[PDB]
Structures are given as structure tokens and as C-alpha cells.
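Peer 1: Going down the list, the protein sequences come from chains MG, LG, KG, JC, IC, AK and AN.
Under the authors' numbering, the residues of the first sequence are numbered 862 to 978, 999 to 1046, in order.
Under the authors' numbering, the residues of the second sequence are numbered 862 to 978, 999 to 1046, in order.
Under the authors' numbering, the residues of the third sequence are numbered 862 to 978, 999 to 1046, in order.
Per the authors' numbering, residue 26 is the first one in the fourth sequence, and the count goes up by one each step.
Per the authors' numbering, residue 60 is the first one in the fifth sequence, and the count goes up by one each step.
Per the authors' numbering, residue 38 is the first one in the sixth sequence, and the count goes up by one each step.
Per the authors' numbering, residue 39 is the first one in the seventh sequence, and the count goes up by one each step.
Quick one: the structure is below, questions incoming.
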Amino acid sequence: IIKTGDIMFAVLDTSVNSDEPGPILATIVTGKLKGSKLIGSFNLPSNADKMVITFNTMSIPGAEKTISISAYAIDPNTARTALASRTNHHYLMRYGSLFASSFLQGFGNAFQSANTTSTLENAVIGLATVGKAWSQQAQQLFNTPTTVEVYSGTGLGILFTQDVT
Amino acid sequence: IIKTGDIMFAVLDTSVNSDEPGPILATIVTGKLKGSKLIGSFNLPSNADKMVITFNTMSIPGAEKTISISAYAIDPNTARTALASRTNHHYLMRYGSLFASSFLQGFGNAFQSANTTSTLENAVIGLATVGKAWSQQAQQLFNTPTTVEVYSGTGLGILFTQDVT
Amino acid sequence: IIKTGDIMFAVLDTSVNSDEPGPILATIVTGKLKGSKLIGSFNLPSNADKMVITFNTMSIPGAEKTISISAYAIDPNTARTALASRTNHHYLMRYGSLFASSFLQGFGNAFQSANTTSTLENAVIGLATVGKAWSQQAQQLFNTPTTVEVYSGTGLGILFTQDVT
Amino acid sequence: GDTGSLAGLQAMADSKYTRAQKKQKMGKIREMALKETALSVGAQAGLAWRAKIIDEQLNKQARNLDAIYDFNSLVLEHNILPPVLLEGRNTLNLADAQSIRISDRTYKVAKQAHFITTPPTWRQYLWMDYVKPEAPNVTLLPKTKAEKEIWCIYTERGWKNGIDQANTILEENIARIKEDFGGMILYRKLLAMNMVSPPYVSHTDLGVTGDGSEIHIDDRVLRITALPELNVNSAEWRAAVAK
Amino acid sequence: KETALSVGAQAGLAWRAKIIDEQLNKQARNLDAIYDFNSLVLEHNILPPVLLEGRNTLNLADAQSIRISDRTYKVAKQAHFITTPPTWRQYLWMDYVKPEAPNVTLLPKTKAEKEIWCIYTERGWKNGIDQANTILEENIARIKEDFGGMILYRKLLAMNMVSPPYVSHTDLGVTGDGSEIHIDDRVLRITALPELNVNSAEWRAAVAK
Amino acid sequence: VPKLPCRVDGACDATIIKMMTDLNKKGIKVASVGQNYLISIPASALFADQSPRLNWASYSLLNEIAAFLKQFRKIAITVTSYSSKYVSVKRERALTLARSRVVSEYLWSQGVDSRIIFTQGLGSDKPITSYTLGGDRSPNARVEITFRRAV
Amino acid sequence: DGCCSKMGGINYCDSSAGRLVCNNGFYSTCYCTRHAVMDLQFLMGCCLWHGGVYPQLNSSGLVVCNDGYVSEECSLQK
């Protein structure tokens, strides 16, 4: 019997990325649950300011049983839903690619247009033509957000959702 | 028996932004109900003039029960529904990004048009072409709302909605 | 037994803005029924010239009963239906933003046209292209109404609608 | 202001204290939460600290404890614990109106005599139980200097409450052992006064016992036929004297 | 408004209660010197009963319904056993609750509002003082009635108007089993309650000098 | 906390030891052994020449005595008066009795918190000094007042 | 202030007497334990000399003591 809405602790050892869902395991090491293991997966938020883990498959050792407390995780020492990761993963890369493709296009068109008022024309050539394809490709790939990745050596806290016996 | 619409006190303990809904629990601090916990989630207001929390899943320890009295929070010593948070989070960021992209666009077109009447030409080049893509992406992401965030150390006053036994 | 539509004195203790719906409570302070409270809500009028309160959920203490006599409010010692609050919250903000965006557009186009008959060119540049995006965003945000907000220490007069037992 | 209520409500009629009630309504709402927690942690710390102190001081003077509590002197020759007796004096019961019951004295058997294995001591009856707690679990924290100070003074109040609670525990234990020793010595006194029936015990004695694989040499079994009790025939009671 | 009247009533009642309780504490010893009870209790520790005397009885119900007598006597409360004699503390000590909760719903803004607040406060204060004095007077009348009934019983028993209470005690020796024992059992019961005599010839008169 | 008194009402040990020092430096003897306290006063500074008459300044000393007596929580009080041999036995016994009676009367008139007060006198039956030169100026012409402090 | 003031200072508290001891062997005026001989003459509270306040909820503010008596003074005033 576990009452509704309590807090226990676990340790996370297996790291995973927020791109491909799959099994991730933790272990309850304190509280009444001793030796208990836990299989679950992650979910992707709207913005990368938080990350939670859907933890449902709880195997209690001793007997050949596996209970199904479907619960989440909360970060210890903060009691908040943000994750230990970085969120500036793919901002400046696509920013610089788009800006370079632009400046190439601009250099070719303006330094070809202002010729009335050889190698410099080859600079015009190169930037004039490699700006456009890079521009449309940057417009294609600009919509990639920044992922997160849980760590392989950080403990965790777990709040409960449903009761057990 | 709790009267329809009395005022009680509680303390909120875990903090999160109004960005991702999730389980949040608080503790009733006084009165007949002592140490009772209450889990729920939040709701998102249309504008940033206030923020309120919907709390329904009430559990009292001692005896194994879980009532579902749903109630809201009113801001103490103001007797209002506003939240202690900041509201000016990402106004000037998108404002300045849009203004700079537009300024780049204007620099390219007008300083190219002023050629009739090489470094300044390269300035025309750079601002001319990096204005446009940044401007359309800024108009794409300009609709970003300003979020609010609850605190981990603030008490609250709770008005009741229905009776209990 | 209450007469069909008589007037009672009451005190409103909870304040709210006309932004998000929520429960509000007032307290009858004199008369036959003593200590009685009244929860209900508000409705938003078409224009901000007045504000009324939908007050129906009557809780008289002592017993475990909750009658639902609907009642409305008037301004005490004025005998009028207005609200004592402010109706000019967001006139000047959208007015000035729209006018400045327009003036920027006009400055860029007309002082670009005035080149026939560097720094002033950059003035043309900046206002010329930051005017238009700010103008369309101002026409987007021009629809925001001016809200009113009741206060937490104001009494009220409550007229009845039907009879009670 | 409510004591001198005329001037108090005259001052309340001015609207400055209506403003001043707002800034203390926050203390009436927020600040009332930390005090019970401070009381609880002070009570835990005081109980633990006073328990450690009293355990040290009890163990300091252990010689006179078992010196004055010689149960082994009171052990009877069949290793039987003496029973416990209670004496009441000037008995008046008022059951209801129109009714009085009175007696001078009365006697009660509390715990029946029985065989014993080892003599008991004072350690099972007087040693304070104690484990050191090292986990102050804090849920809310003070932020201002004044609320830190009142948190400190409520911790001090909890220290005092834990001290008094531990003293109450020790007082209850010493009253219990006083009750038991007094009952046993009262039994001995009345048995000498020929007020208690002595216990009666027989023994069945058999010789060779068992089969060709399991054997016992001596076989004596002792069983009490008669538990001690009091005597209703008061005529054979013997009084006492002193010179 | 009327809230000022209510808090004036509460404050006047509480303050006058504090004043009158300190006055009752001030006059301590002569109070019990007046209302000694133990000088009246009978020899078997039984509280004497309460008597009621009425004189010059005239009654009407309607036209041709009239009843006239001289004196009437009523047994109010029967005698019973008692452990400790009663005192005046359970008759004259008023309760004292100190409330420190002035809640402000209606608030004055004008000097006229402050003035009517002042005069409502004053009249509620005086009203609460008067109510407290009324309560004290009722309690004084109650304890006076009780003591007068006691004195009336004493004088009627002296003047041979009531049968005395008759009490039997039964004596038993040692009681109980071989585990529980009592020494000297005695049971005190009362067989005859005090009651009036309806035969007037047994009454003995008196004459002073 | 504030309901219970921190100390007894009007009781201050610094005040007690100050007035004790003042009395014993004035010349009124105070004996303090255990809970037992005695005060010895010469009769010359209090009464007249073999007379039951009270000087006007003596009421100040009696007021000082009452101020000292307020500071203790007593139960019983004992007053004795002793004199010198002047005329007879009965005359001195009656004089000491009258002096003890009137000083006990004034002490009870003042605010003593004593349940029981005893007063008596004997005269020159139990002297303390064999030096019998002076008359009423002799130190064995005296008045004693004693008690035991109760808890 | 100091309970053993103008003296050597407080030694300890005899809880049997409920009194503190100064460095000089004289009892101070202060008490230490609550279980001590105070002087109780005036006190607060209501439903006194009765069964105490019945702890039930009620519609009116009438407080009925547990002997059945009703204290209108402890009750509110209409």
C-alpha cells in the first residue's frame, strides 16, 4: 500500500537522447522499495525549458512480478521540471548558414549591378550563384529545434500518480 | 461539513512555468484540515494580467480517502486573482529582432537606390540580403506569448466551491 | 420568505479584473439574514461604461444548504449601475504605437521621394522599413478592449429577482 | 485598542489604521505557517537532547539503583516472584444520591505471584530509549530577520516542551517501579502479619525415565498447587507492638 | 454604521465584565462570611432542601372563578447528600472572554460618518454595561433565593413544620473474596425524605419578649 | 507564558537585601538562619519610659517593618516583648503584654499577609544580658518578632 | 531582569520547591517550574464553574456549557 501523491528517490544510469523513444531504466534504492527497477520512456515538450520521463514499468525483485505504477520524475535539489541539458544546440549554426547564403546572394547581385557606375567578377560569380541554393536549403532546414539529452550519472526523484498494494 | 464558499489558507511549494501542464501538489496549512495535500494542474489565461491554478485532487492522510473538491486560489492581501510573476519576458526581444531585420532591408534598398545620386556597397549587400529572411522569420515567430511562472515559496488563499463530508 | 425584488446591503471583499472568469463572493452585512455570503461570477458588457455581477449561489451559514436565488448589484449611495473603476487602460498605447508606425512609413517614403527636388538617408532607411511591420502589427493589436476592475473594500447593494422560502 | 475601546475605536474611525491593517494582514496570512514547524523541530531536538542527558546521568549512578532495588533479596526460596498488593485507606464511594458506601481500608491483589527465571532489574523499567536523529527535514524557510528570531524562540519553546515531556516520562517510570516495589514489600509485611496465605508447591519425583535411546537421570517436576491469597477469617490475625 | 453599535455592545459588555470581576475579587472574605453554607448542613452531611413561602394569595380565572388563601408553602428542591458545600463562586462569578477581533466591513470616510461612529459606539457601550449589570442582578437574586429557601427550611423545621429526614446505616464486617477485601462496610441510606405535616395541631407556636 | 507570574508580586531580592543592610546598619538586629527569621528592636527607640505610648517617628520604622514583611510569604508570626525589672512581676508582664498587643494591632492593620499572628510578653523573666546598669536604655529591654519562611 | 540580582547569581532550580536558588543560599523571588505555589485569584475564559464549552458547531453563537447551562455573555449579541 502506497498512498496517493508521495515522493521517492531513484538513480538514473542509462543516458538517452530526446529523438528516438525507447526503454530507459532506473532503480529505486531507498524508501520501502528496495532493489526495484523501472522501465519507461520520454516525451517531447513544446519548448525545451523542461523534460519529464514517463515511468510506468516497475519490477519489484524477490517475486516474479512487475507492477505498473505510471509516474513521472522531478529533479532533486530543485523540485522543478527542467532537465540537465543544453538548449542552444542548433540556433547559431542555421543562423550563420542563412546569413552567409544571404550575403552571398547580395554580393553577387549588387556587385554585378553596380558595374556601370575579372577576378572580382569571379567573386561576384561565386557568391551570386552559391547563395541561392544555400538560401533555399537553409529555409528548408531552419525549422529544427534544439534537442535535450538526459545524463548517465544523475539521480532523480519520483512523484506518484496512482496507488498500489 | 465545509460551507459553500469559505476561505482557507495553504502554502505552495513546487515551482514551474505556465508552459507545460503537470502534477503540482500543495499543503493545507491551518483550520480543521491539517497537513492535507492537494494535487492538480493549471490553466492558461488569455492575457498576462493574472494567472490562477485549478486544484481538485484533495487527499487527507490518517484515513484512506481521496476527495475531489475543486477550488481556486486568490492572491492574499490583494484579494485578487493575479499571480506573483513577471510579464515582460520576451516583448523587446522580438521587437528588436523585427526592427533590426527591417532596418537591414531598408539599408539595402535605399542605399542601393542612392547609388545614382566598395565597402559601403558591401554594406548594401549585407543588410539587403540578411534583412529579408530574418524579417519573414521574425514575422513568423513574432506571435510568441509572454509566459508566467509560479514560485516555490508562496502561500495562498483558497475559496471553496462545494461542500465536503 | 423574501419580497419579490427588494434591496439589501452587502459588503464585497474579493476584487477581480474583467479579464478571466472566476468565482466571487460578497457578504451581507445587515438585515434579517446575518453572516450570509454570496458566490457568483461576472459577465462582460459590450462597452466598458458599466459592469454588473451575476450573483446567484447564496450560502447562508449554520445549516448545510445552498440555495440559488439570482441577484444583481447597483452602486451604493449612487443608485446607479456603473462600476467605480477605470475605462481608459489601453487607448493611448495602441493609438501612439499605430501613429508612430505610420509616421515612420511616411518618413521613409516621402524623404526617399525628396531625393530629387548618408545620415538622413539612414533615417529614411530605418523608418522606411520599420514602419510597415509595426503598422500591420498595430492593426493586429488594435482590437484590445479597456478592462475595468472592482475593488476589494467596496460595499454594494443587492436587489432580488424572485422569492425564496 | 480594544481595552480602552473608546479611544481605540475613535482611532479606528480614522482611516490610517485601516491602511495599517493591510501591512499586518500579510503576517496574519503568511507568517503563521512557520511557527508550528519550529515547534515541532524544537520538540524533536529537545526530546532527543534531554533523553541523551538523562540517559548519561542515569548510567552515572547505576550502583545505588540496583543497590536499593535488591530483588534478589525478595526472591522466595522456590524462585517465586512475590505478588503485588494495594492498600486503600478511608474508602468513601458516592455512587449516587441517597447512597453512601464507606470502609476504612481495603486490599487488592494486582499481579499474581509466579515462578521466575532471573531477577529483574531497574534497566528494563527506567532506561530512556534514544536514537539520535540527524535529519532536520525543512519544507519552508524564514526570510526576514524578525521571522528568523521568532523561529529561534519557538525552537526554544520546543526545547522546553521536550525537556518537560522527558521529565514526565521519567516521572511515570519511577512511579511505576515505586508501585511495584511497594506492592511486593506490602505483601511481605502482610504475610509476616498473617494476612496472606503462603503459596503451596509440590514436587513429583520419578527415577529412570525414557527409552533405550533417550534417557534422563534425575526427574523432579515442581508445580504450585496453591497460589497466595488473603484470609477472610479475621479472628486468627495477630497484631503487633513496639517498645 | 450598525457595526459600530455591535462592537460597542461587545466592548462595553467585556469591559464591564472585567470591572465587575475585579470588584468581586476585591470583596473576597466578607462574601463567604455572608454565604457560609457549612453552618447549615445537617449531621449526616446532607444538604438541606429549599422552601418557598407565599402570602395573601388571590387568584381569578374568569367571572365567578376566585380563590383566596392566606399562605402557601412549596418544596422546591429535595434534600440530597453532598461532598463539599457550595460557595458563591458558582453563583456570582460572571464569565470573562476577551475578544480582540474588530473586523471592519463598513468604513467611515466623512467626519459625519466618524461622528455617528462615535455616538453609536458610546450608546452600544452604555447598553452593554447596562446588560451586564442586569445579568449580575439576576444572579444575585438567584443566590438570594437559594439562601432564603435554606433559611426557610431551618425555621420551619425549628417551628415543627416538616418531618426530619430519617437515615439508616447498615453495618457489615469484612467483605470480598480471598483476593479483594474491605475492612468495615457501612451503607448509609435515607428512608424518609423531609415533607410537610398537614395536621396543624402538632405545630408549636412561639412568643418573643 | 504571560499568564503565570515570572516572580512573586512586589518581591525583589535586591530590595530585600538592601533594606536588610539598611536595618542592620541602623541598629535593628535581624537574624537569618535557615527559613527562620527574627527581628530584634530596642525598646528605648520605640516606647516611652516604662510607658505604653508611641512616638511619632516610630511609625516610620513600623512602616519599614511592614515593607519588609510584605516581601515574604509567611504563614505564622510570633511577637514577644521583654523588659527590665522595675516594680513587680505583674506590672512588667502587663506592660510587655500591652506593648506587644499594640504593635501586633498596628502590624495587622497594615498589609501583612500572615494567616496567624501570636503576641505575648514576659518582662524581665528571660534576659539576654547580665549588664544591668541602665534602665530602659539597657539592651535587654527589647521586642522580638519571628517566623519561618514557608516554601 | 536578573532573578538572583544583587547576589552571586542563580545556581539551579529545585523542582520540588519550584524555586530557583541563588549562589548565596537564599530563595529568589522568581519561579522556575509551573508546578509551584503561585497566587491564583483572577483568571480568563468562559463556561467557568460549569462543564466547559461544548465543542460542537452551531448555527447561532449560543455557547452552551457541558452542564447544560448557557452563557449569553460568552455568546454573541444580536
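Idealized CB from N, CA, C, for every residue including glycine.
Taking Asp-77/AN as the reference, which of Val-45/AK, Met-57/AK, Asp-50/AK, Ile-65/AK has the closest Cα?
Peer 2: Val-45/AK
Peer 1: Mind reading off the beta-carbon distance from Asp-154/IC to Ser-109/AN? Whole number of angstroms is fine, and I expect it under 8 Å.
Peer 2: 5 Å
Peer 1: Going along the chain, which residues of its own chain have a beta-carbon closer than 8 Å to the beta-carbon of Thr-1010/LG, five neighbours each way excluded?
Peer 2: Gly-969
Peer 1: Look at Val-872/LG and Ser-946/LG and say whether their C-beta atoms are less than 8 Å apart.
Peer 2: no
Peer 1: Whole angstroms is fine: what's the gap from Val-1005/MG's alpha carbon to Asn-976/LG's?
Peer 2: 18 Å
Peer 1: Pick helix, strand or coil for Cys-51/AN, following the three-state DSSP scheme.
Peer 2: strand
Peer 1: At a cut-off of 7 Å, would you count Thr-229/IC as near the ligand ZN, judging by its Cβ distance to the nearest heavy atom?
Peer 2: The ligand ZN is not among the ligands present in this structure, which contains no ligands whatsoever.
Peer 1: Listing by chain order, which chain AN residues have their CB less than 9 Å from the CB of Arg-44/AK?
Peer 2: For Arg-44/AK, the C-beta contacts it makes with chain AN under 9 Å involve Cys-41, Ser-66, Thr-67, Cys-68, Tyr-69, in order along the chain.
Peer 1: Identify each residue in the region 158-175 of chain JC for which the Cβ-Cβ distance to at least one residue of chain LG is less than 9 Å, and report them in chain order.
Peer 2: Within the region 158-175 of chain JC, the qualifying residues are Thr-164, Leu-165, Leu-166, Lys-168.
Peer 1: Please confirm whether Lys-864/LG has its beta-carbon closer than 8 Å to some beta-carbon of chain KG.
Peer 2: The Cβ of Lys-864/LG sits closer than 8 Å to at least one Cβ of chain KG.
Peer 1: Taking the alpha-carbon positions, what's the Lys-893/KG to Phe-870/KG distance?
Peer 2: Their Cα atoms are separated by approximately 11 Å.
Peer 1: Using a 10 Å radius around the Cβ and a threshold of 16 neighbouring Cβ atoms, would you call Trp-262/IC buried or exposed?
Peer 2: exposed
Peer 1: Note down the Cα distance separating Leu-1022/MG from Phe-964/MG, rounded to an integer number of angstroms.
Peer 2: Spanning the alpha carbons of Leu-1022/MG and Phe-964/MG requires a straight line of approximately 18 Å.
Peer 1: Let's test the definition: count the other Cβ atoms within 10 Å of the Cβ of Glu-197/IC and tell me whether it reaches 16, buried, or not, exposed.
Peer 2: Note on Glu-197/IC: under 16 other CB atoms within 10 angstroms of its CB, so exposed under the neighbour-count rule.
Peer 1: Run through chain AN and tell me which residues come within less than 8 Å of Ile-54/AK, C-beta to C-beta.
Peer 2: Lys-44, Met-45
Peer 1: For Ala-103/AK, which of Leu-60/AK, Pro-39/AK, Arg-179/AK, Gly-171/AK has the nearest alpha-carbon?
Peer 2: Out of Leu-60/AK, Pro-39/AK, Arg-179/AK, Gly-171/AK, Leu-60/AK has the C-alpha closest to the C-alpha of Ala-103/AK.
Peer 1: For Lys-66/AK, report the span of its beta strand (DSSP E) as first-last.
Peer 2: 66-70 is the extent of the beta strand (DSSP E) around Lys-66/AK.
Peer 1: Starting from the beta carbon of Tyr-933/LG, find every residue of chain KG whose beta carbon is closer than 7 Å, and list them in chain order.
Peer 2: For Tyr-933/LG, the chain KG residues whose C-beta falls within less than 7 Å of its own C-beta are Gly-883, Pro-884, listed in chain order.
Peer 1: Give a yes or no on whether 8 Å exceeds the smallest Cβ distance from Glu-61/IC to chain KG.
Peer 2: yes
Peer 1: Could you spell out the range, first to last residue, of the alpha helix (DSSP H) harbouring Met-954/KG?
Peer 2: 953-974
Peer 1: Name, please, each residue of chain MG whose Cβ falls closer than 9 Å to the Cβ of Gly-1007/LG.
Peer 2: For the C-beta of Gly-1007/LG, the chain MG residues within less than 9 Å are, from N- to C-terminus, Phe-960, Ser-963, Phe-964, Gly-967, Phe-968.
Peer 1: Which residues of the region 66-94 of chain IC have a Cβ closer than 9 Å to any Cβ of chain AN? Give them in chain order.
Peer 2: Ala-68, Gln-69, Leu-72, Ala-73, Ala-76, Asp-80, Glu-81, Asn-84, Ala-87
Peer 1: Which chain JC residues sit within Cβ distance under 7 Å of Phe-870/LG?
Peer 2: Chain JC residues near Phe-870/LG: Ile-54.
Peer 1: Just the C-alpha distance for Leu-64/JC and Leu-41/AK, rounded to the nearest angstrom, thanks.
Peer 2: Note on geometry: alpha-carbon atoms of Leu-64/JC and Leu-41/AK lie some 20 Å from one another.
Peer 1: Would you call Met-218/IC buried or exposed, if buried means 16 or more other Cβ atoms sit within 10 Å of its Cβ?
Peer 2: exposed
Peer 1: Could you check which residue in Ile-240/IC, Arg-75/IC, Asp-244/IC has the C-alpha nearest to that of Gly-232/IC?
Peer 2: Comparing Cα-Cα distances from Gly-232/IC to each of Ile-240/IC, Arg-75/IC, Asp-244/IC, the minimum goes to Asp-244/IC.
Peer 1: Cα-Cα, which of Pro-89/AK, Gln-108/AK, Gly-172/AK, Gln-147/AK is closest to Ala-131/AK?
Peer 2: Closest by alpha carbon: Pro-89/AK.
Peer 1: Measuring straight from C-alpha to C-alpha, what distance separates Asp-121/JC and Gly-52/JC?
Peer 2: 53 Å
Peer 1: Leaving aside the five residues before and after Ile-65/AK along the sequence, list all residues of the same chain whose C-beta is less than 6 Å from its C-beta, in chain order.
Peer 2: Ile-78
Peer 1: Can you find at least 3 beta carbon pairs, one from the region 201-213 of chain IC and one from the region 225-239 of chain IC, that sit closer than 8 Å?
Peer 2: Touching, no, given that fewer than three Cβ pairs across the two stretches are closer than 8 Å.
Peer 1: Just the C-alpha distance for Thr-193/JC and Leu-86/AN, rounded to the nearest angstrom, thanks.
Peer 2: 28 Å
Peer 1: Beta-carbon within less than 8 Å of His-950/MG's beta-carbon, same chain only, minus the 5 sequence neighbours each way: which residues are those?
Peer 2: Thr-1027, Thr-1028
Peer 1: Closest to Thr-918/KG by CA distance: which of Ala-909/KG, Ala-932/KG, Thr-1035/KG is it?
Peer 2: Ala-932/KG
Peer 1: What is the DSSP secondary structure of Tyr-150/IC, counted as helix, strand or coil?
Peer 2: helix
Peer 1: So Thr-133/AK packs on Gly-160/AK, CB below 8 Å; how close in whole Å?
Peer 2: 5 Å
Peer 1: Identify the contact partners of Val-75/AN in chain AK, using a Cβ-Cβ distance below 7 Å as the criterion.
Peer 2: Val-188
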